[PDB]
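**Q** Have a look at this one.
2 protein chains.
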Amino acid sequence: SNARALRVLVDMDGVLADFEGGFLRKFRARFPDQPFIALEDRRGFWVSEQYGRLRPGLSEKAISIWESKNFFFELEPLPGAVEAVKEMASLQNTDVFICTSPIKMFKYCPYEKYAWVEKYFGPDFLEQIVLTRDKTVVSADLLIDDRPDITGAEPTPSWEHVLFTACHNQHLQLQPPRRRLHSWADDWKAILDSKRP
Amino acid sequence: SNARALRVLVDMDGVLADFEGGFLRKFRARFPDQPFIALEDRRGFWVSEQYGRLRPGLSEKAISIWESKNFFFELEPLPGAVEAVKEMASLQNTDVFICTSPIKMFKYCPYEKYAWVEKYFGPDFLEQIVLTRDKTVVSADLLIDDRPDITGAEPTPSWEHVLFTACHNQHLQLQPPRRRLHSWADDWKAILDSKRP
Ligand SMILES: O=c1[nH]c(=O)n([C@H]2C[C@H]3O[C@](c4ccccc4)(P(=O)(O)O)OC[C@H]3O2)cc1/C=C/CP(=O)(O)O
Ligand SMILES: O=c1[nH]c(=O)n([C@H]2C[C@H]3O[C@](c4ccccc4)(P(=O)(O)O)OC[C@H]3O2)cc1/C=C/CP(=O)(O)O
Ligand SMILES: [K+]
Ligand SMILES: [K+]
Ligand SMILES: [Mg+2]
Ligand SMILES: [Mg+2]
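As structure tokens, then:
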């Protein structure tokens, strides 16, 4: 709730919305005779790069899944994500924004992201959405995001990046003092509190 | 062009895209027997508030114009806006973002804004779009925006707000040392240069 309040940026894909599980389900359904990558075997952020190494033409097939209508809208929430962010947003002196990078193909993705937030968080939460391909230009105390490398036009972002665990990043050793949020069952309140006055 | 580079946030509606002229044209076409507000007579940011005072029911009719499909996509560029922002983005040590607040009705507006940027600035400029209802949380040196009151979660934004003239704001006296950009024919380079090292 508004105050300066602690400000927390929460990524959407891979943190609130299950991009990896939604991708794999739809990929197997559309392309049942192709090999695939089980979630536990995912390595590196870019799904299409790993699929491309697996078999020729598979990167293009992977791309076709996230470019399809309803891909973003039908993503399931990660366990605990909706409950956690609703609680977080209700805390005194705590402003939460959903800070999400849309894909370059804009026909469906931006729309569906707004629709997804309305569905799980309600109309009033639409005010908290920030769509950007550059998260470094958004100022905050924290950014909770599963991508290891968050870069852009601002060389010294104001936020601390807390790495949200995903299969693709779970084995990565981080440079101290970088830290993680393992899942929404993990103690996110303690991380927020560590940044408060 | 990227470097820290000077960072300039450029509003879309009322700065790049002619919201006021597009509104009036479509309003008169859809509601030809209703009274309207000539552009020179516009006062205050909120179109529907002025229309509402004019005749009962007119606020709802005004709303219906911007909620309609193709309202945002069919807005015309302001004179000089496309040429100015293309030149600005090409300057050394200058990063330009289009920082735009979408309407709450999300069915068409976000999509159409991406489509509009692709149309006038090209695919590569889609990387520079930031959609947010809170511009105070976006850090930059400058924000060029026609709204007089730009507020949100950050009480001390990093940017200087340069007020872009519109009919609705043209008579407003600003508190020194606030300043204006009168139009894209005005000397925007001098304003950028005043913020450089
Ligand atoms: O987690 C992801 N995993 C993944 O495999 N992809 C796919 C979709 C498509 O996304 C992109 C992409 C790059 C940068 C930002 C957002 C999206 P695209 O360049 O095709 O749009 O990159 C190549 C493709 O990789 C994107 C993402 C993006 C997440 C957005 P986030 O960082 O805000 O959570
Ligand atoms: O210039 C405008 N003039 C105007 O009359 N309106 C209308 C459309 C609709 O927009 C809103 C609005 C409020 C705040 C941010 C963006 C949009 P909405 O609350 O209905 O979405 O407000 C009431 C309505 O007023 C919006 C704008 C918004 C511009 C967005 P910007 O500040 O990024 O240029
Ligand atoms: K990082
Ligand atoms: K202001
Ligand atoms: Mg992510
Ligand atoms: Mg404006």
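In order, the protein sequences belong to chains A and A'. A prime marks a further copy of an entry chain. Taken in order, the first sequence gives residues 27 to 29, 34 to 227; the numbers are from the entry's author numbering. Taken in order, the second sequence gives residues 27 to 29, 34 to 227; the numbers are from the entry's author numbering. Idealized CB from N, CA, C, for every residue including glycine.
(1) For chain A', is any of its Cβ atoms less than 8 Å away from the one on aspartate 125/A?
(2) At a cut-off of 7 Å, is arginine 208/A' close to ligand 5 when judged by its beta-carbon and the heavy atoms of the ligand?
(3) Helix, strand or coil: which one does DSSP assign to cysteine 129/A?
(4) Just reading off the alpha helix (DSSP H) that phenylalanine 136/A' is part of, what are its end residues?
(5) My understanding is that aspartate 176/A touches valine 45/A, with C-beta atoms under 8 Å, so please give their C-beta distance in whole angstroms.
(6) With DSSP collapsed to three states, give me the class of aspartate 171/A'.
(7) The beta strand (DSSP E) that contains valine 192/A, what's its start and end?
(8) Could you tell me whether any non-hydrogen atom of ligand 7 is closer than 7 Å to the CB of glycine 51/A?
(9) Comparing the C-beta of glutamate 157/A' with each C-beta of chain A, is any distance below 8 Å?
(10) Quick check on DSSP: helix, strand or coil for residue 31/A'?
(11) Find the residues of chain A' that neighbour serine 169/A, judging by a C-beta separation of less than 8 Å, and give them in chain order.
(12) Alpha carbon to alpha carbon, how far is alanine 114/A from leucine 108/A?
(13) Following the continuous beta strand (DSSP E) through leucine 211/A, name the residue where it begins and the one where it ends.
(14) Just to make sure I have the definition right: I need the residues of chain A whose C-beta is within less than 8 Å of the C-beta of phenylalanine 136/A'. Which are they?
(15) Can you give the Cα-Cα distance for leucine 36/A' and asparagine 123/A', rounded to whole angstroms?
(16) Kindly indicate the opening and closing residues of the alpha helix (DSSP H) around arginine 58/A.
(17) Could you check what DSSP says for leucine 108/A' in three-state terms: helix, strand or coil?
(18) Return the CA-CA distance between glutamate 184/A and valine 147/A, expressed in angstroms with no decimal places.
**A** In this structure, then:
(1) Using a CB distance cut-off of 8 Å, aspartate 125/A counts as an interface residue toward chain A'.
(2) It does not: the Cβ of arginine 208/A' is nowhere closer than 7 Å to a heavy atom of ligand 5.
(3) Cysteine 129/A falls in the strand class under three-state DSSP.
(4) No alpha helix (DSSP H) contains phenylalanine 136/A', which DSSP labels as neither H nor E.
(5) With a Cβ gap of about 6 Å, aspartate 176/A and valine 45/A count as contacting.
(6) Note: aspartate 171/A' maps to coil in three-state DSSP.
(7) Looking at the DSSP string, the run of the beta strand (DSSP E) that includes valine 192/A is 190 to 194.
(8) In the structure shown, ligand 7 is absent; the only ligands present are ligand 1, ligand 2, ligand 3, ligand 4, ligand 5 and ligand 6.
(9) Closer than 8 Å to some Cβ of chain A, the Cβ of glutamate 157/A' qualifies, so yes.
(10) Residue numbering in chain A' jumps from 29 to 34; residue 31/A', which lies between, is not modelled.
(11) Near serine 169/A (Cβ distances below 8 Å), the residues of chain A' are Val167, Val168, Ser169, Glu184, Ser188.
(12) Whole-angstrom Cα-Cα distance: 10 Å.
(13) Run containing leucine 211/A: 209 to 211, per the beta strand (DSSP E) assignment.
(14) Residues of chain A passing the Cβ test: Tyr141, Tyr144, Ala145, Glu148, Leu156.
(15) The C-alpha of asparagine 123/A' is placed about 6 Å away from the C-alpha of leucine 36/A'.
(16) Secondary structure note for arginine 58/A: its alpha helix (DSSP H) is the uninterrupted segment 49 to 60.
(17) In the structure shown, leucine 108/A' adopts coil according to DSSP, grouped into three states.
(18) Annotation: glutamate 184/A to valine 147/A spans about 27 Å, alpha carbon to alpha carbon.
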